[PDB]
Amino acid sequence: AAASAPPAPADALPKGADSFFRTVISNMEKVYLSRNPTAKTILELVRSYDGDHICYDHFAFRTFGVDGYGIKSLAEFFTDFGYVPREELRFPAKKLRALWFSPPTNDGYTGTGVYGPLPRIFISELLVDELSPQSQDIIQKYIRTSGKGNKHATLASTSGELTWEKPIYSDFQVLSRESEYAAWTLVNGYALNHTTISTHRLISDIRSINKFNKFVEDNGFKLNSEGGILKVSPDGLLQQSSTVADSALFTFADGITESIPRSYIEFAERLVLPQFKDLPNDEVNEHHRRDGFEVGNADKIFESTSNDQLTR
């Protein structure tokens, strides 16, 4: 038989870097919770129902793929803190590309949320050069107003700031008609687009995602309907659901106040891999479960912020 070996575990961070990294993602989460009452409420409801067991499966971010404002503007922060780039996903109809990142080894975490197992990171970018000339010019205008803001995307994310000037409503309107993703990013920037609860790490009966979905719906919240409320990967091992994004009033730079999408929250179940079929269920750890993401699922979860879902 050919020589075989297990995968090399990723390096762990030194103690200061690990601590510091967690204060940063904690600040990203603070902005997110302050602007997304639905996500904040659901996280409180799960904690009360299940106990202190909430783990974050992944964080997701959106970006403009032009002039260095894209995936790389955030990825460098995470790779400075030991994250490893993984698979690239393509979304041709929506004109998006995404990369996900797996965390450094962190087996000694002592808490939950950002103090629990470190989350994967999912970062997408809009392929701006594929849009109409008019939208390319609108995006380029804001990118010019931002200067070297792209070199400090994490500062922007931790503080809840846009690096470009505040948009005028007319520009938001034009982008909304061609790319809802572009419109989302114009008004939200590098803000955390969602966190994800790892349901299989819960202890109570809502650890099953079908039970979890009914728990959310019975507390009055609406799940993303597109492609069904439960997106199931073709191998059956990655099952995902998400809320409809919250909305907020935004005063645009020309004085007009209008509704915009903020963020949402996702729930994900990763099932055991087939080679570990007969593992006793008390023996399953995260590395025994389906890792990564699935283009089919992701394509429909992007629509949690779409106007059709928000106006259902």
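Each residue number is its position in the shown sequence, starting from 1.
For the segment pair 232-240 and 179-187, the entry gives 232-240 the higher mean B-factor, averaged over Cα atoms.
Stretches 148-156 and 218-226 differ in mean CA B factor, with 218-226 having the higher one.
When the C-alpha B-factors of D57, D254, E266, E29 are ranked from the entry, the top spot goes to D254.
The PDB entry assigns its highest CA temperature factor, among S48, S34, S247, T63, to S48.
Per-chain ranking of the deposited C-alpha B factor places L271 in the highest third. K166: CA B factor in the middle third of modelled residues in this chain (values from the PDB entry).
Annotation for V284: CA B-factor lies in the highest third of the chain's modelled residues. Looking at the C-alpha B-factors along this chain, the one for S135 belongs to the middle third. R22 sits in the lowest third of its chain by CA B factor, as recorded in the PDB entry.
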